[PDB]
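Structure first, commentary second.
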Amino acid sequence: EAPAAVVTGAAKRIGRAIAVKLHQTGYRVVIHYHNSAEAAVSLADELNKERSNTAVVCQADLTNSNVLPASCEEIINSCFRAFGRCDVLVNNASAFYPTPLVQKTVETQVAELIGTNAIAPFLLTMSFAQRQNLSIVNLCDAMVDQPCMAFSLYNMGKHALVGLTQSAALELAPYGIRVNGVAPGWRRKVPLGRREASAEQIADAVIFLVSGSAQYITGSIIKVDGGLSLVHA
Amino acid sequence: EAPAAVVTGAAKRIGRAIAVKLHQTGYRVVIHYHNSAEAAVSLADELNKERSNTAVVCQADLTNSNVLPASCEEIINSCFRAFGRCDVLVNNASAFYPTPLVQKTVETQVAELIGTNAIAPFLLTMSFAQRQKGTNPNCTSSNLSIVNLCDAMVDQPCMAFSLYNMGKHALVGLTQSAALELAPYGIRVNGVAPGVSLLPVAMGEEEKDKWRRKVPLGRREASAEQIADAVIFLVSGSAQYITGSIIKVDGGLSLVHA
Amino acid sequence: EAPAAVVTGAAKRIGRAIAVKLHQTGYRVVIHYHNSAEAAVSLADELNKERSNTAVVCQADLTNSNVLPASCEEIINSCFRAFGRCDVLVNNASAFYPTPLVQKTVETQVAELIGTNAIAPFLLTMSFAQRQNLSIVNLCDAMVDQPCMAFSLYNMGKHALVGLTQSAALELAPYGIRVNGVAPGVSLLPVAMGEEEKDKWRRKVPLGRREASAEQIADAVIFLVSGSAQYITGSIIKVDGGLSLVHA
Amino acid sequence: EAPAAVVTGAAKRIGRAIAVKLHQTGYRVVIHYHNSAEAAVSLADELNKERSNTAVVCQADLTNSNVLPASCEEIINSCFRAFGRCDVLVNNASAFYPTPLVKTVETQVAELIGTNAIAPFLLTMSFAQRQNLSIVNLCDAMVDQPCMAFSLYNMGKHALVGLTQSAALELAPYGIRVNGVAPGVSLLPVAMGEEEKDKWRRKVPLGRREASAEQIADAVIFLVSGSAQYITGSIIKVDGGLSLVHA
Ligand SMILES: NC(=O)c1ccc[n+]([C@@H]2O[C@H](COP(=O)([O-])OP(=O)(O)OC[C@H]3O[C@@H](n4cnc5c(N)ncnc54)[C@H](OP(=O)(O)O)[C@@H]3O)[C@@H](O)[C@H]2O)c1
Ligand SMILES: NC(=O)c1ccc[n+]([C@@H]2O[C@H](COP(=O)([O-])OP(=O)(O)OC[C@H]3O[C@@H](n4cnc5c(N)ncnc54)[C@H](OP(=O)(O)O)[C@@H]3O)[C@@H](O)[C@H]2O)c1
Ligand SMILES: NC(=O)c1ccc[n+]([C@@H]2O[C@H](COP(=O)([O-])OP(=O)(O)OC[C@H]3O[C@@H](n4cnc5c(N)ncnc54)[C@H](OP(=O)(O)O)[C@@H]3O)[C@@H](O)[C@H]2O)c1
Ligand SMILES: NC(=O)c1ccc[n+]([C@@H]2O[C@H](COP(=O)([O-])OP(=O)(O)OC[C@H]3O[C@@H](n4cnc5c(N)ncnc54)[C@H](OP(=O)(O)O)[C@@H]3O)[C@@H](O)[C@H]2O)c1
Ligand SMILES: COC(=O)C1CCN(C(=O)c2ccc(N(C)Cc3cnc4nc(N)nc(N)c4n3)cc2)CC1
Ligand SMILES: COC(=O)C1CCN(C(=O)c2ccc(N(C)Cc3cnc4nc(N)nc(N)c4n3)cc2)CC1
Ligand SMILES: COC(=O)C1CCN(C(=O)c2ccc(N(C)Cc3cnc4nc(N)nc(N)c4n3)cc2)CC1
């Protein structure tokens, strides 16, 4: 039977490119969305036209709250209901905006930036593991140690996601679940800037990590940034 | 006039050693505590007996909630109310317990582990920096800094401690992000990262010795004073160009392979 | 035509598996060796039996010395002589043994451990770049920051190789050359190591309690040289089963 | 009795400030130098005027070669001959210049890798064999965002991080701590135009200035002190936040 994958924030941009490549590789896909229902269904339509009944959508707000654990349980359950299995979880959904230290309430910003970027991946990881070539791929940040000015909460959530990638790789290794990261990265600064950055390049690294060609790789974060993290101020 | 410091979780153990050494160095100190009221008051009493009116206590829960920003503002405000200034913030308080991925509510665990280790340090950092805006300038003798208590083992985490390790990773992120953003205000932001220091009071001696035997330098845990020494260096004039640095105080533990 | 690759220390073990997988992917290969002449020639024979004129051997000592630049130049020149091009360089050859701080001359140990692990990759990188989907892959070590006791010079060499990987990625990007690393943890154990000691190392690995096969290491090299990694440069991929994440 | 320290490349700039601060803390010092004899002797004379018989000089080339192990043994021996003990070794001497990928290259290898990595290793060996003991290595906070065309220098500083960690592990049972101090931008070249110096200064978040040599020395003094007794294998950045700044 065909393996199945959940991709969060899959309606647009990087998540969409990842869902497309997984589907092209032979996966059935759950396309998670929060607000982008039209785009999520448009993508499912396109994938189902290629292979009938191989793409479904799942709505969830990934902001931290009292109901986030049940929402994340539901996303994983939707994979099992549609496809009878869940082989791959891609934690792609992300919020991104500045939160200056010196001057939405700040606690709403915490619930969004830390909740979407770190807590929902944690809850999804728990639900994926509890329900069990299995693997999880977290979308990290190549610039995590040279943060953007005034992005403290965003940077904290991306740091927490490194910690989850490493902790979950160690704890889920006995279950045969690998846990890795892809870290995307102005153009004139990128060493490989002759090539334009694309969502498909990020998806290519995800496809490698979920493949049999990465069966010994766990706890690894692959930077896909054209060399930008190497460039000094 | 003597400078003033806030130390979170300062009633006992490492936070107390930090408060004691700051006080011996000449600081007035706010001893924040959550549940350890008797121990906090006992410490404040000892410090005030050494020099009158140089220590106060401040009670707060640092679990995340919609009131946490007000709590953290109030901790900083307590320093200014007692002492008229706040030169140093030490983010020491920390919840620590396992949260296995495979089997309190999990949302309570998130609020405790991520709140104490990361969100409260972030809000305290916001409040510390914001309160400096009103102060008179001291362009000649000002030495403002924040020290976060990190973990030397953050990249070799303990089994089944994902939320704890996520919170400590976020604290590294805060340390570096706040160092960049607050440098223009002359506020330095650094970390001290213990490996094995004081073992839990409830841990059996056999288990404590298992941890001690891992440490290359002396096969023993760091004393609380050894952790405090690195905090004292980072707040001192001898560290005036250091910002965004995390000093491991771990006896070589993080260098040891499986 | 078919692209061409140099793999150093390719007669046996991980370098052999890399040369084989590059050849299976469509590369012509230079099999570099130092002492393993019979194994190198046998491998070239096997690869040429599959596709004629797609494999050659090249012999060189990669110990540092005043002739090392000439040797490294000649390895790259051997790829151009055989195949007319050189698209990929894999720096795999490596000396590995203890050099305790407290008690071969020590200068010979320096020349061997720092030469093979760092200086030869640097000179090979210079000659590869000068002679021009181009890329270099360096075989690093996932344990570089939790080093084996009494392996100072080896560990220094591997740290220097990380610096080279990053510095050359930065400097050679304008020429379209990507430079990345693959960092094994425990892969193929030494032939001379007893079974009990091998099992000790295997038991450390979270993912499967086993060493990486040479083929698993080669799979990461194949990815990095591929069109699916064209925006990756300066990255070191650990292939370690989670070993580097395990505390004391 | 007073402890003793060897500082390499101690005639000028950061090494000089280290040697002065160690001497002010109460150490007797061996001032190693390569070409700067007049400045090394001037420093020793200044320190001996302050307290008699507390400073000597030791000349050596720290380029890698057949004779480097004997040179490094002789530097450590000079401390024992003058002062009867050697408590601290500071590996500060360093060659620094570009080596573009696209002097012979093997001379550049010998100089850049010898001064930054091989000589620290051999000095570490001789220091340990001869035994609050500690070694401090002068690292580089920018080691993972290197300057364009400085591959050999960067390789040498990466190797020095590996030495700092390997030696901390191996020498811990002997009670010898091994740590690093990693400057970002500190003293710029005297000949560098102020317009270029200002380009570097403006990069630094904390004060838009370079570190003084004395600020680097303050971190060394901490690491050799009793206040760092449990610290080994640590590298302390003294960089004003520079390493945290993205391109
Ligand atoms: N773009 C880059 O260059 C870059 C750089 C570094 C890292 N990354 C990482 O790569 C991943 C994808 O990047 P991207 O630019 O494609 O992401 P993006 O478009 O900024 O957002 C990704 C998706 O996350 C979902 N999302 C946002 N807030 C949410 C919430 N509160 N609850 C539920 N879903 C929410 C959105 O889904 P709906 O639209 O359905 O609401 C959105 O489509 C992210 O993890 C990002 O951090 C990207
Ligand atoms: N001990 C070690 O070996 C070690 C190792 C690595 C890192 N560290 C770090 O070093 C620091 C000091 O360690 P430690 O062992 O001394 O810490 P600890 O005893 O475990 O905790 C310090 C204090 O944290 C306060 N705290 C806990 N939950 C709280 C909450 N919800 N609200 C407010 N305060 C709360 C407690 O205050 P009350 O007692 O008043 O309730 C407690 O006394 C911590 O950040 C720790 O993570 C320590
Ligand atoms: N095996 C592991 O578990 C492991 C772990 C971490 C990293 N690695 C890295 O992965 C790579 C492959 O490892 P491996 O175990 O397959 O390597 P290996 O068998 O120890 O050595 C590979 C080859 O290096 C060549 N070599 C040694 N000294 C040389 C010299 N002076 N001049 C020229 N060539 C020389 C030898 O060639 P001849 O046989 O032709 O003389 C040898 O066959 C190495 O870079 C290694 O550091 C391996
Ligand atoms: N300056 C900075 O901004 C900066 C930044 C990052 C890291 N660092 C590190 O901090 C340390 C001190 O920096 P610095 O700028 O003061 O260094 P420096 O002036 O460039 O060099 C220090 C001394 O190294 C000695 N040296 C050079 N080549 C030598 C050789 N072949 N043999 C023996 N000694 C040799 C020279 O001694 P003689 O003059 O006696 O010949 C020189 O005075 C160095 O390790 C450096 O890499 C400095
Ligand atoms: C249900 O509760 C449990 O299961 C306990 C048993 C498992 N624990 C440890 O393995 C463990 C591992 C390392 C430790 N330390 C090196 C000491 C220690 C002691 N107190 C601490 N307190 C805080 N806040 N943070 C720390 N990192 C910390 N660390 C301590 C305990 C502690 C929690
Ligand atoms: C002359 O004496 C020797 O060669 C020593 C090297 C092997 N020893 C090990 O403890 C040891 C530790 C870890 C090992 N591995 C994880 C396997 C391994 C096997 N071959 C290798 N080859 C190279 N080049 N580099 C490596 N990192 C490497 N690694 C192997 C041996 C002790 C004996
Ligand atoms: C052809 O020769 C050249 O092109 C020279 C001019 C180019 N250089 C610099 O731009 C440069 C960049 C940064 C610098 N610093 C941050 C100051 C500095 C000054 N002296 C040093 N000395 C050593 N040993 N190590 C250092 N890192 C060091 N660093 C200094 C010069 C140095 C070599």
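Just so you know, all these numbers are worked out from the coordinates, no wet-lab data involved. Backbone-built Cβ (ideal geometry, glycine too); neighbour counts: all protein chains shown.
If you take the Cα atoms of the protein assembly as shown, find Rg, then find the Kirkwood Rh from the mean of 1/r over all pairs, what is Rg/Rh? Ratio of gyration radius to Kirkwood radius: 0.97. Between the alpha-carbon centres of segment D:111-142 and segment B:62-113 there is a gap of 43 Å. Can you flag which of B:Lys49/B:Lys208; B:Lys21/B:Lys210; A:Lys223/B:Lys214; A:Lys223/C:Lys158; A:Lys189/D:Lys199; C:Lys158/D:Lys237 are past 26 Å Cα-Cα? Violating the 26 Å Cα-Cα cut-off are B:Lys49/B:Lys208; B:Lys21/B:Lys210; A:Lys223/B:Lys214.
Using a simple spin-label model with pseudo-atoms 7 Å out from Cα toward Cβ, A:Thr105 and C:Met193 lie 5.7 nm apart. When the trypsin sites (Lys or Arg not before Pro) in segment C:3-65 are filtered for DSSP coil states and for at most 12 other beta-carbon atoms within 10 Å of their beta-carbon, the remaining sites are C:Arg51. Using just its DSSP H runs of length 4 or more, each adding -39500 (n - 2.57), chain C gives a mean residue ellipticity at 222 nm of -13500 deg cm²/dmol after division by all residues. Computed with the Debye formula from one identical point scatterer per Cα of segment B:4-255, without solvent, the log10 of I(q)/I(0) at q = 0.14 Å⁻¹ comes to -0.93. Amide hydrogen proximity for A:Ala93: with H placed 1.01 Å from N in the peptide plane, the residues at 5 or more positions away or on another chain lying under 5 Å are A:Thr8, A:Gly9. Taking the charge dipole of segment A:4-230 about its Cα centre, with +1 at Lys and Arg Cβ atoms and -1 at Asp and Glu Cβ atoms, the residue from A:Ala173, A:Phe208, A:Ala129 reaching farthest to the positive side is A:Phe208. Listed values for segment C:134-151 are Karplus-derived 3J(HN,Hα) couplings in whole Hz (6.51 cos²θ - 1.76 cosθ + 1.60, θ = phi - 60°), namely 8, 7, 10, 10, 9, 8, 9, 9, 5, 8, 4, 9, 10, x, 5, 4, 6, 10, and x replaces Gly and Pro. 3J(HN,Hα) couplings calculated from phi for segment A:155-170 with the Karplus curve 6.51 cos²θ - 1.76 cosθ + 1.60 (θ = phi - 60°) are, in sequence order, 5, 4, x, 5, 5, 4, 5, 4, x, 5, 4, 5, 5, 6, 4, 5 Hz; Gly and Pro show x. What is the distance in Å between the Cα centroid of segment A:160-233 and that of segment C:38-59? Segment A:160-233 and segment C:38-59 have Cα centres spaced 35 Å from each other.
For segment B:115-258, a simple Cβ point-charge model (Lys and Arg +1, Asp and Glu -1, everything else neutral) yields a dipole of about 160 debye relative to the Cα centre.
If only the Cβ of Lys and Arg carry +1 and only the Cβ of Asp and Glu carry -1, the dipole of the protein assembly as shown around its Cα centre is close to 400 debye. Note on segment B:4-255: with charges restricted to the Cβ of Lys and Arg (+1) and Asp and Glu (-1), its dipole about the Cα centre is near 420 debye. For B:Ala55, the residues whose modelled amide H falls within less than 5 Å of its own, excluding neighbours fewer than 5 places apart on the same chain, are B:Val29. The phi torsions of segment C:183-200, fed into the Karplus equation with coefficients 6.51, -1.76 and 1.60 and a -60° offset, translate into couplings of 10, x, x, 9, 10, 4, 7, x, 3, 7, 5, x, 4, 4, 5, 4, 5, 4 Hz, rounded to whole numbers, with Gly and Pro shown as x.
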